[PDB]
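J.: Could you work out the structure for the sequence below:
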Amino acid sequence: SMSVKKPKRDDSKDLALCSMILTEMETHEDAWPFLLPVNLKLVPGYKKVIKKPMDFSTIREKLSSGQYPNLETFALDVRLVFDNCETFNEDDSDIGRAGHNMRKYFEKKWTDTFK
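T.: Numbering: from 1, shown residues only. The coordinates are given below.
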């Protein structure tokens with residue numbers, strides 16, 4: 001509360017560490033469905049169904065331009081990528097399996113780096 005604070009966590013490396021995680025996601029062999037925005041002209045149903053499209057290149061641009069105020073907002077966009085994937089793709093599809101794999105990969109890096 002006012003004049004009552006928990007000890008100050010060192011957040012000075014968060015930006016660099018989120019960048020490294022994102023690099024590792026970008027270079028994973030199953031990242032291909034997620035590297036670029038879904039083409040909303042060419043993919044029927046996507047625009048109407050997926051209220052907040054997100055992809056790795058968009059996260060990268062937001063990260064590089066100071067549009068994440070903290071590491072929670074960064075994780076929310078990463079997860080949004082996989083939540084969108086699940087909304088639109090059958091579990092038993094290449095993209096569906098890609099999403100589950102990348103989410104797992106992300107969550108481990110996230111826990112190991114920050115928890």
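J.: what sits against residue 88?
T.: 45, 46, 49, 50 (Cβ atoms under 8 Å, 6 or more residues apart in numbering). In short, each C-beta sits where N, CA and C put it, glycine included.
J.: Now do the helices in the chain.
T.: With DSSP state H applied, the chain shows helices at 14-26, 46-49, 56-64, 71-88, 94-114, listed in chain order.
J.: Dump those to CSV, plus distance to residue 7.
T.: As requested, the helices of the chain are exported to CSV (distance: least, Cβ to Cβ, whole Å):
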stretch, distance to residue 7
helix 14-26, 17
helix 46-49, 44
helix 56-64, 27
helix 71-88, 17
helix 94-114, 16
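J.: can you tell which of these is closest to residue 2?
T.: Comparison of the helices of the chain against residue 2 by Cβ to Cβ identifies helix 71-88 as nearest, at 23.0 Å.
J.: Go through the closest one and flag the buried ones.
T.: Residues of helix 71-88 classed as buried: 71, 74, 75, 77, 78, 80, 81, 82, 83, 84, 85, 88 (neighbour count, 16 or more other Cβ atoms under 10 Å).
J.: repeat for stretch 42-53
T.: Buried positions in stretch 42-53, judged by neighbour count with 16+ other Cβ under 10 Å: 46, 50.
J.: distance between that stretch and the chain's centre?
T.: 18 Å (Cα atoms, centre = their mean, to the nearest Å).
J.: residues making contact with that stretch?
T.: Where contact means Cβ under 8 Å, 6+ apart, the residues beyond stretch 42-53 that reach it are 37, 38, 40, 80, 84, 87, 88.
J.: what's near enough to touch residue 62?
T.: The contact partners of residue 62, by Cβ under 8 Å, 6+ apart, come to 68, 77.
J.: Right, I'll leave it there.
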